[PDB]
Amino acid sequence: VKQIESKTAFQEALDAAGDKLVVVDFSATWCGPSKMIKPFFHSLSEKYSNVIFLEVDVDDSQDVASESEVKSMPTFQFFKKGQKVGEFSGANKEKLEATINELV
C-alpha cells in the first residue's frame, strides 16, 4: 500500500496506474473501524497484485480528503484510468472484496 500525502501525489499515482483498478482507503488513526480494516486492506494489496492500493490519512492529508469530499472514515474510493468509478463508507470487508472483483 502506497501512502498518499498531497493533491499532486494523488493526481499523479492515478495518471500512473495505467489500466489497473486503483482502490483508495481514506483512513484515520483515531478511527476504530479504520484501524480494524487497516491490515485487511494491506493483506488485499498482497493478493490483488494487479490492483493498485493507496491510502490517504485524512489528518496527514486533509486537503486531499477535502477534495475527495471524505468526512467519514474509512471511505473507499475506486478509480479506473484516472476516473472515480465508485465509493462507499464503512469498514465492510465483504463489500470491499466484492467491489474489487466487480469493477472492470
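Residues carry their position along the shown sequence, with the first being 1.
The mean C-alpha temperature factor is higher for 78-86 when 21-29 and 78-86 are set side by side. Taking only CA atoms, the mean B-factor in the PDB entry is higher for 6-14 than for the other of 87-95 and 6-14. Remark: of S72, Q62, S49, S34, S49 shows the highest value [criterion: C-alpha B-factor in the PDB entry].
In the deposited entry, the Cα temperature factor of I100 places it in the lowest third of its chain's modelled residues.
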